[PDB]
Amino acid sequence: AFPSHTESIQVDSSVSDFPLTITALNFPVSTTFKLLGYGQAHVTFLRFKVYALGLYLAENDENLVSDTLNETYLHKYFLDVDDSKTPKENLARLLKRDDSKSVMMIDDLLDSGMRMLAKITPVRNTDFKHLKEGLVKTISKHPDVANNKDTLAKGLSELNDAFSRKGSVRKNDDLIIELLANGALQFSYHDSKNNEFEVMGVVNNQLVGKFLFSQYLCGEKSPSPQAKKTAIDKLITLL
């Protein structure tokens, strides 16, 4: 009769709240996802706001953080461990350093089979071309692009075909990007005016989803600094 618990948060007041939990009954996704980080995304020096971003982690994959980033990882890949601090304190410190070693850590997490969602909600009317191009720009900032140029190019072509729908996207619509355990991407669209979902294409090339979500979580110039900041803090609590 009297619901008393908050299940969503207002990432940006111009669009609808982001749910803390996304299940296969709410969206066309494969498992239960929990909000990890969130924030607004801006572009260019004019700080032009383009969308609100929600990053989600599969509930059943929360164990993968500590299974991957542990005291073994720490001494295997770092040679500057402060022995006065615990392993989790050192791992947290190194993740917050926000340097090339932080990227390595996030990339290793992504290789562990960690399943994720990105919910992208435009704050103005746009179109699928611009959403797609924004993902390409993000992917292209990953530090390892130059060492995987040809394979990545094949993946970016898959990304074009994955955007099966063409045309307008309304403010407050949702693009849903799901990262599968194997690294593939599944795309989906939510028409919020008519409350209709359209499943779109897939990208099976692993580099695409790996580079995209790595840049969301730890990019030097990430699309949403606040989503990066909140997601990293939340990942640290799972150590």
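Just count from 1 along the sequence shown to find any residue number.
Colleague: Higher mean Cα B-factor in the deposited model: 114 to 122 or 87 to 95?
Modeller: Stretch with the greater average CA B-factor: 87 to 95.
Colleague: When the C-alpha temperature factors are averaged for each of 100 to 108 and 77 to 85, which stretch ends up with the higher value in the entry?
Modeller: The stretch with the larger mean CA B-factor is 77 to 85.
Colleague: Looking at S214, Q186, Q40, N60, which has the highest CA B-factor as recorded?
Modeller: Among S214, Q186, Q40, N60, the highest C-alpha B-factor in the entry belongs to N60.
Colleague: Against its chain's modelled residues, does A181's Cα B factor rank lowest, middle or highest third?
Modeller: For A181, whose C-alpha B-factor we compare with every modelled residue in the chain, the answer is the highest third.
Colleague: Sorting the chain's CA B-factors, does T230 end up in the lowest, middle or highest third?
Modeller: It falls in the bottom third of the chain.
Colleague: Ranked by Cα temperature factor within the chain, is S14 in the lowest third, the middle third or the highest third?
Modeller: Its C-alpha B-factor, which the entry lists for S14, ranks in the middle third among residues of this chain.
Colleague: Among the modelled residues of its chain, does the C-alpha B-factor of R165 lie in the lowest, middle or highest third?
Modeller: Top third by C-alpha B-factor.
Colleague: What third of its chain's C-alpha B-factors does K49 belong to: lowest, middle or highest?
Modeller: Tercile = middle for this residue's CA B-factor.
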